[PDB]
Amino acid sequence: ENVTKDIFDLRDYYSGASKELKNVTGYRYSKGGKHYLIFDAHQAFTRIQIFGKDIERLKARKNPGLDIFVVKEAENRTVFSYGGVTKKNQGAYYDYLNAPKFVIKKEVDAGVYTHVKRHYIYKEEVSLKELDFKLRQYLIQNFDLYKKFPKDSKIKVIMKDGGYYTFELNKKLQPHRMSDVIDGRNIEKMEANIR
């Protein structure tokens, strides 16, 4: 299929680099009525822009023990990443916390091809920013996501109580959702329906 540049950009975004910061200390900083987390003379890390809902869980200024999922976003002024902040595990685990199956269904030649796989969850608090990125990346590399027009392609994260989270794959995840945090242990199963 003969896809437009916004699909290319989505493909480039989601197979770009990402970086997991763990148990890091971040410092609160506002400049021009926007809210950021910064680090240390010594940690030449990407600036994290944060949101209203992040503030409600952060402290006046210094903030140890954070886990950040960083994705470089492209230039303003300087380079930023949106959201992806969570608290470190409190529990101690042998390996992972949860392994819900990720059932991948791909429309094809008058058929559907299904692949089941496990997705290994390490964090008590996992942001939607991270499940969106890693999942779509996986699907780009292993299932040809964004080679054809995605149309209604969706990822669904389904919880134990039945509550779910949907990632419409024809658009980038809206900024304000990158700070939504769900409980890693209560993820029941995961679904993708794609072309």
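Counting begins at 1, following the sequence as shown.
> What number of deposited residues lacks coordinates in the span between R77 and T78: none, 1 to 3, 4 to 9, or 10 or more?
Missing in between: 1 to 3 residues.
> Output the stretch having the higher mean C-alpha B factor in the entry; the candidates are 56 to 64 and 161 to 169.
Higher mean C-alpha B-factor in the PDB entry: 56 to 64.
> Tell me which stretch has the larger mean Cα B-factor in this entry, 115 to 123 or 93 to 101.
So the stretch with the higher mean C-alpha B-factor is 115 to 123.
> When the deposited Cα B-factors of this chain's modelled residues are ordered and cut into thirds, is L10 in the lowest, the middle or the highest one?
Middle third.
> Test of reading the entry: by CA B factor among the chain's modelled residues, which third contains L37?
Bottom third by C-alpha B-factor.
> Ranking the modelled residues of this chain by C-alpha B-factor as given in the entry, is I48 in the lowest, middle or highest third?
Ranked within chain, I48 CA B lands in the middle tercile.
> Could you tell me which third, lowest, middle or highest, the C-alpha B-factor of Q174 occupies within its chain?
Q174: CA B-factor falls in the middle third of its chain.
> Of the three thirds of its chain by CA temperature factor, lowest, middle or highest, which one includes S18?
CA B-factor rank for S18: lowest third.
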